[PDB]
Amino acid sequence: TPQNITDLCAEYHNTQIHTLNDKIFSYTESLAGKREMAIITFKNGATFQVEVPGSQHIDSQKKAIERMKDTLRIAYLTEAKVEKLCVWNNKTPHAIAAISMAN
Amino acid sequence: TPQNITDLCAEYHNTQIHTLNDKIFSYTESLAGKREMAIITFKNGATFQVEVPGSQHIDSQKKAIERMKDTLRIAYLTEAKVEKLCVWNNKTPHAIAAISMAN
Amino acid sequence: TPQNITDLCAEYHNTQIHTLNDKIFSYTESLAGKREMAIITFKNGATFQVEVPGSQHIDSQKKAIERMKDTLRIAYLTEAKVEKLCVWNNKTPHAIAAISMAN
Amino acid sequence: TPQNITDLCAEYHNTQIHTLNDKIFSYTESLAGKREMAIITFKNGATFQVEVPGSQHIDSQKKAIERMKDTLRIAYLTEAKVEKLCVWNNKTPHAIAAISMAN
Amino acid sequence: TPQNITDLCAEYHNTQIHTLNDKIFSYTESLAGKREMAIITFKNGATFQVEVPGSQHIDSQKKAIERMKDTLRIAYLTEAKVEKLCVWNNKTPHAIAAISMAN
Ligand SMILES: CC(=O)N[C@@H]1[C@@H](O[C@@H]2O[C@@H](C)[C@@H](O)[C@@H](O)[C@@H]2O)[C@H](O[C@@H]2O[C@H](CO)[C@H](O)[C@H](O)[C@H]2O)[C@@H](CO)O[C@@H]1O
Ligand SMILES: CC(=O)N[C@@H]1[C@@H](O[C@@H]2O[C@@H](C)[C@@H](O)[C@@H](O)[C@@H]2O)[C@H](O[C@@H]2O[C@H](CO)[C@H](O)[C@H](O)[C@H]2O)[C@@H](CO)O[C@@H]1O
Ligand SMILES: CC(=O)N[C@@H]1[C@@H](O[C@@H]2O[C@@H](C)[C@@H](O)[C@@H](O)[C@@H]2O)[C@H](O[C@@H]2O[C@H](CO)[C@H](O)[C@H](O)[C@H]2O)[C@@H](CO)O[C@@H]1O
Ligand SMILES: CC(=O)N[C@@H]1[C@@H](O[C@@H]2O[C@@H](C)[C@@H](O)[C@@H](O)[C@@H]2O)[C@H](O[C@@H]2O[C@H](CO)[C@H](O)[C@H](O)[C@H]2O)[C@@H](CO)O[C@H]1O
Ligand SMILES: CC(=O)N[C@@H]1[C@@H](O[C@@H]2O[C@@H](C)[C@@H](O)[C@@H](O)[C@@H]2O)[C@H](O[C@@H]2O[C@H](CO)[C@H](O)[C@H](O)[C@H]2O)[C@@H](CO)O[C@H]1O
Ligand SMILES: [Ca+2]
Ligand SMILES: [Ca+2]
Ligand SMILES: [Ca+2]
Ligand SMILES: [Ca+2]
Ligand SMILES: [Ca+2]
């Protein structure tokens with residue numbers, strides 16, 4: 001299996017790496033019906049979503065989606081540096097597929 | 001798909017953005033029957049709930065309701081600055097739909 | 001809908017408010033069969049349980065029971081000041097219905 | 001309903017209280033099949049498990065077993081002082097039934 | 001039942017102990033389809049996965065797999081020293097079976 005986010009991201013169609021090397025600037029979370037999601041931004045204005053669970057997910061990606069929103073919240077609150085995100089770039093905002101964190 | 005809490009709130013009827021730019025002053029949680037809910041307040045007396053799950057919520061919102069109460073608890077304990085709340089204003093106290101945090 | 005713990009407590013029979021204004025002194029939790037519960041005390045010796053889930057609880061409370069134990073453990077570990085508890089006072093020890101944290 | 005760990009421990013056969021008054025020295029966790037468990041140690045070498053779930057457990061204990069593992073991990077990572085453990089002494093290592101924390 | 005990670009690790013085929021005595025250098029998390037997993041690395045370049053749940057795993061392991069990803073995330077964010085890992089060495093990268101923390 002790939003051993004880093006760059007290699008993991010490159011296996012998938014319609015994906016790309018954003019290199020942030022920065023903490024999350026804002027964290028937004030919604031419980032509204034059909035927008036049960038999180039949205040993050042960085043200081044540079046880059047904005048990312050964790051997608052609303054739907055038909056494009058295999059429904060074990062379901063637990064993974066919830067984990068990812070947990071990780072973004074704790075990263076925000078701990079000012080953890082986000083190294084890279086692997087995103088689907090065919091969504092607006094870009095939708096997070098993977099995150100890497102390093103000091 | 002919205003990129004911020006203001007645009008997301010505008011997708012919903014009978015909602016309003018409140019801007020607090022302040023940490024939560026009090027956090028209340030209840031397990032009592034029919035009042036399984038959370039209430040937050042700010043120093044200025046603004047008071048909001050996460051509603052008891054009911055018929056105004058769809059299946060997809062149930063997990064998000066639990067998530068939002070987790071988020072408010074950790075935000076209170078971290079003294080995290082709350083930027084904005086998107087709220088349903090036909091409820092008293094007003095009911096949270098979404099939160100944004102930035103500092 | 002109540003906007004504070006005192007008003008919420010008054011919607012039930014056999015409840016009362018304790019005003020602690022103090023951090024949790026001790027936190028005890030048990031996985032022993034039929035005693036799957038938590039117990040907290042304060043420096044003045046006031047002692048409270050989260051009750052074992054049983055037939056006296058409705059389905060909607062089961063998540064909220066789990067949540068309350070999560071809340072008491074993180075409040076203990078962060079030395080958070082507990083303002084008030086709403087408790088059923090026909091249990092020994094008093095059983096927690098709601099909690100408020102402020103200051 | 002007991003009001004302290006010592007009184008809870010005395011409801012059960014084959015138990016005893018260990019009085020540690022110290023933080024957890026090591027935390028071990030396993031996902032290997034048939035050893036889905038946690039093990040903690042103290043500096044003096046006292047060693048305790050949270051049992052692998054099985055037919056020795058009633059249904060109401062399964063959430064509490066998961067909770068106890070959560071509690072031990074956060075206790076370890078916060079260096080929380082463990083006052084007492086109630087354990088079954090007919091297991092090797094001794095199996096945790098309850099924990100109390102105080103400072 | 002084993003009392004430490006080395007003895008646990010000797011219970012399985014195709015496993016070995018790695019002794020790190022270091023905090024995790026990076027934490028990677030993916031929800032990408034069929035690759036829902038975490039990857040950690042240490043400063044020496046040692047790289048480990050928590051494997052995607054699949055047919056090598058029995059039902060009793062599924063909660064433990066999710067727990068182990070929770071553990072690595074919080075270990076990462078607390079800069080907790082990892083003492084040893086027990087891994088399956090017939091995977092790439094080596095797959096985590098168990099973890100011990102001590103400092
Ligand atoms: C506890 C209390 O009475 N506080 C009030 C504020 O009202 C609460 O908070 C607002 C946001 C809402 O959730 C109310 O239902 C609560 O009782 C009150 O805020 C104003 O409330 C009105 C309600 O229609 C509008 O939301 C305004 O936009 C708010 O400014 C303030 C000011 O009147 O006074 C107390 O702090
Ligand atoms: C361990 C012990 O005996 N503690 C007592 C207090 O009682 C405990 O805490 C109260 C809140 C209740 O849960 C009891 O069942 C516990 O044993 C005791 O508190 C008073 O308790 C009575 C009820 O029995 C009323 O609730 C009063 O409002 C409480 O002040 C205090 C003071 O009497 O003494 C020991 O700390
Ligand atoms: C190539 C890389 O990114 N790192 C390597 C180490 O290998 C990685 O980590 C090990 C533990 C294993 O998961 C490999 O699959 C990874 O690529 C490599 O560690 C040694 O790896 C060998 C197996 O190839 C043995 O497991 C040794 O015990 C490990 O120390 C080291 C060489 O020491 O080089 C880079 O750090
Ligand atoms: C809120 C906003 O419009 N911000 C702009 C950035 O765009 C956002 O973030 C990127 C990563 C995508 O999720 C966008 O959909 C989102 O609106 C914008 O970032 C650039 O977006 C490009 C696509 O339009 C592309 O992904 C590029 O890689 C990325 O750098 C930046 C720079 O143009 O400006 C912000 O204001
Ligand atoms: C690794 C080791 O040998 N530790 C010693 C303790 O034993 C461990 O911890 C106890 C609580 C049990 O879980 C043991 O199975 C485990 O090895 C030892 O504890 C004493 O062990 C006695 C018999 O093994 C008996 O259980 C007794 O209750 C307990 O106090 C302590 C104290 O002598 O020393 C460690 O070195
Ligand atoms: Ca800062
Ligand atoms: Ca402060
Ligand atoms: Ca202190
Ligand atoms: Ca220390
Ligand atoms: Ca550091």
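One-based numbering, in listed order, for ligands and for the atoms of each. By convention in this document, chain letters (A, B, ...) are assigned in the order of the sequence lines, proteins followed by strands, and residues within each chain are numbered from 1. Side chains are part of it too, since the values below use all heavy atoms of this structure and drop only hydrogens, waters and symmetry mates.
- Looking at ligand 1, you'll find an N or O of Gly45(B) within less than 3.5 Å of one of its N or O atoms.
- Proximity of atom 33 (O) of ligand 1 to the protein is not indicated, since no non-hydrogen protein atom lies closer than 4.0 angstrom.
- Under the 4.0 Å criterion applied to side-chain N and carboxylate O atoms, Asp22(E) and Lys43(E) are not assigned as salt-bridge partners.
- The option from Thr41(B), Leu85(B), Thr47(B) that lies nearest to atom 9 (O) of ligand 1, judged by heavy atoms, is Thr47(B).
- Protein heavy atoms come within 4.0 Å of atom 6 (C) of ligand 1.
- In this structure, a donor-acceptor pair under 3.5 Å is absent between the side chains of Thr41(A) and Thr47(A).
- Judged as a salt bridge (charged side-chain N to carboxylate O under 4.0 Å, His left out), not a single pair has a partner in residues 76-85 of chain D (not counting sequence neighbours).
- Exactly one of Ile5(D), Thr71(D), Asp70(D) qualifies for a side-chain contact (heavy atoms from CB on, under 4.5 Å) with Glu29(C). That residue is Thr71(D).
- Neither the backbone nor the side chain of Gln16(B) has a heavy atom within less than 4.0 Å of ligand 1.
- Near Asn44(B), the atoms of ligand 1 lying under 4.0 angstrom from a non-hydrogen atom of the residue are 36 (O).
- If you check which protein heavy atom lies closest to atom 28 (O) of ligand 1, you get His18(B) CE1, 3.4 Å.
- By the definition of a contact as any protein heavy atom under 4.0 Å away, atom 16 (C) of ligand 1 is in contact.
- Taking every heavy atom of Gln3(C) and a limit of under 4.0 angstrom, the matching atoms of ligand 1 come to 1 (C), 16 (C), 17 (O).
- Short contacts between ligand 1 and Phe48(B), defined as distances under 4.0 Å to a heavy atom of the residue, involve ligand atoms 11 (C).
- Remark: atom 11 (C) of ligand 1 lies closer than 4.0 Å to at least one protein heavy atom.
- Taking the six-membered ring for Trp and thresholds of 30 and 60 degrees, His94(B) and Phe48(B) have ring planes inclined between 30 and 60 degrees apart.
- Checking atom 21 (O) of ligand 1 against the protein gives no heavy-atom contact under 4.0 Å.
- For atom 30 (O) of ligand 1, the nearest protein heavy atom is 4.0 Å or more away.
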* To do: Any chance you could lay out the side-chain contact (heavy atoms from CB on, under 4.5 Å) test for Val82(D) and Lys23(D), step after step, and finish with the verdict?
  => CA-CA 6 Å; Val82(D) 176; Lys23(D) 57 160 170 86; over 6 Å; no
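- A side-chain donor from one of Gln56(C) and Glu51(C) sits under 3.5 Å from a side-chain acceptor of the other.
- Residue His94(B) has at least one nitrogen or oxygen atom sitting less than 3.5 Å from a nitrogen or oxygen atom of ligand 1, judged on distance alone.
- Of the charged side-chain nitrogens involved, at least one lies within less than 4.0 Å of a carboxylate oxygen, so that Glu66(A) and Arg67(B) count as a salt-bridged pair.
- Checking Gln16(D) against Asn89(D) by side-chain atom types alone, a donor-acceptor pair falls below 3.5 Å.
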